[PDB]
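Participant: To start, I am sharing the structure in question, which I have written as structure tokens.
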Amino acid sequence: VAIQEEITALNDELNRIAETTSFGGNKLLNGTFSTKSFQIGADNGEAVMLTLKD
Amino acid sequence: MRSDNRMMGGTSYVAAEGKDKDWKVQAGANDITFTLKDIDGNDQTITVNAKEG
């Protein structure tokens, strides 16, 4: 029971890290950062897709 | 030289299929022929044989 108490508390921490990690308000690890492209070229259509899994 | 001048822009063709991060060029469908007429009037057929994967 003692061990479980801590495991439950740590379980919460995992979820808190996921629901809080934010790059300026854009949460990163709540499954909301669906695949996004980052433009890396002077001409259009030169972007790589970055996906942040939940 | 206004911003609404037709020459200042062009035509925007958009697809309807929202391919996701997992969609990959299938080997069978690896061609997108672009049939169009140059501003001069000469006719061009651009076949872009895309690469599977």
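Residue numbering restarts at 1 in every chain; chains get A, B, ... in the order shown in the structure tokens, and ligands count up from 1 in that same order.
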Tell me as an MDAnalysis selection string which residues belonging to chain A come within 10 Å of chain B, counting only C-alpha atoms.
Facilitator: chainID A and resid 34:37 49:51
Participant: Pick out the residues sitting within 8 Å of residue B:36, and hand them over as a PyMOL selection string; count only C-alpha atoms, and ignore anything fewer than 5 positions along from it in its own chain.
Facilitator: chain B and resi 43-45
Participant: Keeping only N, CA and C atoms, write the selected residues as a compact mmCIF listing (two decimals), in the first residue's frame.
Facilitator:
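Full text of again.txt as output:
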# COMPACT_ATOMS: atom_id res chain seq x y z
N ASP B 43 2.48 25.11 -75.39
CA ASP B 43 1.84 24.11 -74.49
C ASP B 43 2.93 23.24 -73.85
N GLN B 44 2.81 22.99 -72.55
CA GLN B 44 3.82 22.17 -71.84
C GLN B 44 3.12 21.06 -71.06
N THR B 45 3.69 19.86 -71.05
CA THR B 45 3.12 18.75 -70.25
C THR B 45 4.21 18.29 -69.28
Participant: So how many Å separate atom CA of residue B:13 and atom CA of residue B:49, to one decimal?
Facilitator: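 For atom CA of residue B:13 relative to atom CA of residue B:49, the distance reads 19.2 Å.
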